[PDB]
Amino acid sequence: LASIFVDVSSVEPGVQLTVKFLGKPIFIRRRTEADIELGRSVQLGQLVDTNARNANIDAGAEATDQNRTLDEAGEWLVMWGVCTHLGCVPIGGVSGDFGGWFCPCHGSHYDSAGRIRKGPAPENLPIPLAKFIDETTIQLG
């Protein structure tokens, strides 16, 4: 079956693990307390794309920070590392003007929940089918 199983036991706060799945990168960021608070400080009315783009929940869900992470605590942000403009790999480590990712191909800026805030990309980075299957492992697909 297509599903893969990622050991995240050694991922510390502020670290992103990048794994390849279905030929493309998936970003697994263990968010810092600043990342989480800032994501939770954005009003839906400020977003370019108000849809959560999240395979795990209703397709009409709002892009609240809570609807962008796997866990209620907001530490685990799992998303396709595929810019929604033309598919370049966004650069992380708190890059761009919104404390998230910056796609250098045509200048798209994503926030700390991977939501599009500036530039040509039309959508928030999509979230794959993903869930913890115990304390240390995320199943993708």
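All residue numbers refer to positions in the sequence shown, first residue = 1.
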If you take the mean CA temperature factor per stretch, which one wins between 89-97 and 75-83? 89-97
Comparing 39-47 with 62-70, which stretch shows the greater average C-alpha B-factor in the deposited entry? 39-47
From 119, 128, 25, 14, pick the one with the largest CA B-factor in the entry? 119
34, 113, 55, 103, ranked by C-alpha B-factor: the highest one: 103
For residue 1, return the chain-relative third of its C-alpha B-factor as stated in the PDB record: lowest, middle or highest. highest
